[PDB]
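1. Pasting an experimental structure, sequence included:
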Amino acid sequence: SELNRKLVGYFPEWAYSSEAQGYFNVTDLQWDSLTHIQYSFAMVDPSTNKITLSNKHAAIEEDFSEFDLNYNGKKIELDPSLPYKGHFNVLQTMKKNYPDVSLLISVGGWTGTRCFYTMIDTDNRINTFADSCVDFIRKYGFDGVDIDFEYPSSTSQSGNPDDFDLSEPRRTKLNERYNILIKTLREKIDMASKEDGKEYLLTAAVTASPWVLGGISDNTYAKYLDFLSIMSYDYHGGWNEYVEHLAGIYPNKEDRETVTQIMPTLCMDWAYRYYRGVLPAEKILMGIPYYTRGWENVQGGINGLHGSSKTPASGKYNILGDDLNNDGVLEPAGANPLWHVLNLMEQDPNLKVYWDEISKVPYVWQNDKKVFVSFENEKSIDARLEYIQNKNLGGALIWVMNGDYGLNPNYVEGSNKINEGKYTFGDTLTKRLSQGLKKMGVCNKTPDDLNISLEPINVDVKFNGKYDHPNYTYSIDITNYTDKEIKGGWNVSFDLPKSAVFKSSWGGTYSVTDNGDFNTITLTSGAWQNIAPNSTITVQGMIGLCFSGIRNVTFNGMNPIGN
Ligand SMILES: N[C@@H]1[C@@H](O)[C@H](O[C@@H]2O[C@H](CO)[C@@H](O[C@@H]3O[C@H](CO)[C@@H](O[C@@H]4O[C@H](CO)[C@@H](O[C@@H]5O[C@H](CO)[C@@H](O[C@@H]6O[C@H](CO)[C@@H](O)[C@H](O)[C@H]6N)[C@H](O)[C@H]5N)[C@H](O)[C@H]4N)[C@H](O)[C@H]3N)[C@H](O)[C@H]2N)[C@@H](CO)O[C@H]1O
Ligand SMILES: [Cl-]
């Protein structure tokens with residue numbers, strides 16, 4: 001079961017009452033194609049440290065009397081035997097006909113991370129929170145918990161600026177405390193599974209940003225997850241001038257934001273390599289956007305791409321923009337669901353779709369208004385399927401399900417109203433993903449690190465280091481726990497993810513050997529670097545860029561089992 005491909009979709013609690021979101025509700029979910037639904041979003045309560053609803057009315061009270069609950073052709077009624085209404089009732093009602101679709105509550109997000117910062121301050125608060133998650137999934141019929149903490153990183157000024165008053169004083173400890181949080185959640189959830197005779201899940205949505213990851217020093221938490229969802233989107237957008245892809249798959253040496261770095265990092269494939277340090281591919285999901293970002297008055301570039309703009313796209317090119325002060329005046333971002341961009345192209349023959357064969361995503365360009373908007377289409381879905389099969393990925397997650405497209409029942413020829421275009425939300429790309437994931441078959445089981453099959457030696461190898469972008473300075477402590485001195489000229493090897501490049505060893509000599517998603521680094525010491533019994537020697541060096549961890553550590557051709 002665990003090697004099955006996964007297609008994980010985020011459900012937006014806020015969409016059902018919003019014009020720009022298409023009034024999307026639970027009966028509009030792509031139930032025939034998704035394997036998991038992540039409900040977005042719950043939060044942490046500031047005073048009790050327990051899981052809490054964001055829009056309680058939407059989640060458990062709304063009766064949908066003014067909305068249309070219909071699946072296929074049949075009217076869907078709320079189950080009157082449940083003690084709650086809202087989205088949660090509709091989810092449980094649909095689950096009866098889709099018993100193998102897993103439902104998870106997602107805690108966090110960009111605007112729901114704030115009270116994680118105070119909850120992680122003490123072990124008792126973490127225990128309270130974790131217990132409250134168990135209580136919540138039992139109460140509301142969820143199959144698991146997804147943690148979307150944005151972000152448990154020491155990187156200053158990362159995450160929502162509204163929360164700097166809580167995140168900035170805590171930067172040095174966030175990663176350690178997050179690791180404790182995830183481990184505690186796993187322990188409590190596993191106990192609840194045994195008690196209930198049910199297999200509850202724990203997942204996390206995680207950063208793909210090298211900037212954020214530079215402030216993450218311990219990725220052990222990943223081993224406690226059923227799967228790790230890489231947020232391989234928001235790579236580019238209106239926060240800066242670089243007119244570039246939202247969600248590229250492959251490294252692009254023409255991405256102007258990274259053109260001088262040792263490799264292009266703002267693409268799924270770099271994050272894949274990063275996380276291979278701690279997980280097999282079959283536990284990693286690719287993040288796919290069904291939304292856009294974009295710019296207007298683009299200067300230079302070719303069809304806008306690789307150009308510059310200080311003005312994110314506005315107006316009809318930004319229907320999902322934030323209403324910061326409730327004027328109806330939206331903050332420019334070029335942010336749209338995919339169906340709205342399709343409708344804009346129906347109305348404007350000079351808004352045209354292009355394909356980038358390097359990054360393997362499409363984009364839309366209006367050559368007269370100089371408007372560039374990212375895009376996603378059948379061709380990029382197909383490229384993403386190829387990548388998923390080629391890399392043995394566990395599947396994909398989608399942010400967010402109301403951005404996929406289908407034909408609009410409320411289409412009005414010639415209308416410019418948001419919900420009267422040819423297209424509205426639908427399942428076109430999600431069904432295409434589901435079909436491709438079925439066709440490629442289950443994941444392969446990635447073999448264990450080879451070091452476990454080698455003869456053991458009682459040597460302990462501890463790899464530590466410090467990151468000062470773009471340089472990782474490593475320090476490896478080697479402790480001899482045998483009863484005989486280890487002569488100089490010993491060697492240690494480790495597998496370094498291809499998100500990073502080994503630069504130099506500060507002592508002795510080294511070699512680098514290609515090894516799949518890693519380079520095997522072999523450090524051969526000098527004859528004078530003897531390790532006495534019960535003694536420790538330290539060697540250092542430099543690596544370019546960052547990596548989730550190292551694997552497959554050997555010492556003198558043996559497995560260093562420590563003491
Ligand atoms: N010495 C300095 C130089 O270091 C500097 O060079 C630059 O340095 C950068 C590193 O600091 C480097 O990388 C970029 O770093 C910036 C941060 O500084 C990163 O920018 C952030 O990118 C995030 C995405 O990865 C953005 O987050 C998104 O923000 C949007 C809003 O804009 C949110 O949207 C909301 O979403 C919710 C749902 O989630 C929805 O409800 C709302 O309606 C939406 N509004 C997103 O949720 C959120 N994820 C963030 O805003 C942004 N600041 C960037 O990613 C890194 N690439 C640069 O490459 C390098 N040039 C130079 C500068 O020239 O200065 C020298 O002095
Ligand atoms: Cl950020």
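-> Thanks, I have the structure now. Numbering: from 1, shown residues only. Ligands and ions are numbered 1, 2, ... in the order given.
2. Number of residues surrounding the closest residue to residue 471 other than its chain neighbours?
-> Once flanking residues are discounted, residue 471 sits nearest to residue 542: 6.0 Å by C-beta to C-beta, 6 or more residues apart in numbering. Using the backbone N, CA and C atoms, a C-beta is placed for each residue, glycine as well. Applying other C-beta atoms under 10 Å, we find 15 other residues in the vicinity of residue 542.
3. how near is residue 542 to ligand 1?
-> 20 Å (C-beta to the nearest ligand atom, to the nearest Å).
4. strand partners of the helix or strand hosting that residue, parallel vs antiparallel please.
-> Per DSSP states H and E: residue 542 is located in strand 536-544. The strands beside strand 536-544 in its sheet (DSSP bridges) come out as strand 471-480 (antiparallel), strand 501-505 (antiparallel).
5. Show me the one of those strands that comes nearest residue 81.
-> Closest of the strands paired with strand 536-544 to residue 81 is strand 471-480, at 57.0 Å (criterion: C-beta to C-beta).
6. What are the contacting residues of that closest one?
-> Identification of contacts with strand 471-480 by C-beta atoms under 8 Å, 6 or more residues apart in numbering yields 458-467, 486, 492, 500, 503, 523, 531-547, 555, 562-563.
7. repeat that with 6 Å
-> Residues outside strand 471-480 that contact it (C-beta atoms under 6 Å, 6 or more residues apart in numbering) are 459-466, 486, 531, 533, 535-543.
8. now stretch 541-553
-> The contact list for stretch 541-553, computed with C-beta under 6 Å, 6+ apart, reads 213-214, 219, 262, 274-275, 277-278, 449-451, 461, 463, 467, 470-474, 494-497, 499-506.
9. swap in stretch 14-23?
-> Residues contacting stretch 14-23 (C-beta under 6 Å, 6+ apart): 24-25, 319-320, 402, 418, 424-425.
10. Turn the buried ones among the contacts of stretch 541-553 into a named PyMOL selection, would you?
-> Buried residues among the contacts of stretch 541-553 (16 or more other C-beta atoms under 10 Å), as a PyMOL selection:
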select buried, resi 213+214+219+274+275+277+278+451+461+467+470+472+474+494+495+496+497+499+500+501+502+503+505
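11. So which of the contacts of stretch 541-553 sit within helices?
-> Assignment to helices by DSSP state H places the following of the contacts of stretch 541-553 there: 213, 274-275.
12. Residue 77: what's its closest spatial neighbour, skipping adjacent residues?
-> Leaving aside its chain neighbours, residue 77 sits nearest to residue 69 (7.2 Å; criterion: C-beta to C-beta, 6+ apart).
13. ranges for the strands of the stretch 201-350 of the chain?
-> Along the stretch 201-350 of the chain, counting by DSSP state E, counting those that start in this stretch, strands occupy 201-207, 228-231, 284-289, 294-296, 311-312.
14. Check those strands for me and report the most buried one.
-> Ranked by mean neighbour count, these are led by strand 294-296 with a mean of 29 (mean count of other C-beta atoms under 10 Å).
15. Quick check: buried residues in the longest helix seen in the chain?
-> Counting residues, the longest helix in the chain under DSSP H turns out to be helix 174-196. Judged by neighbour count (16+ other C-beta under 10 Å), helix 174-196 contains these buried residues: 174-175, 177-179, 181-186, 188-189, 192.
16. what do you get for stretch 439-454?
-> For stretch 439-454, the buried set under the neighbour-count rule, 16+ other C-beta under 10 Å, comprises 443, 446, 451, 454.
17. doesn't the first one fall inside a helix?
-> To tie it back to what came earlier, the one meant is residue 443. No. Using DSSP: H, G, I helix; E, B strand; the rest coil, the assignment for residue 443 is coil, not a helix.
18. what's the distance between it and ligand 1?
-> Taking C-beta to the nearest ligand atom, one finds residue 443 at 28 Å from ligand 1.
19. Residue 361 too?
-> Distance of residue 361 to ligand 1, given as C-beta to the nearest ligand atom: 16 Å.
20. How about residue 352?
-> Computed as C-beta to the nearest ligand atom, the residue 352 to ligand 1 distance reads 26 Å.
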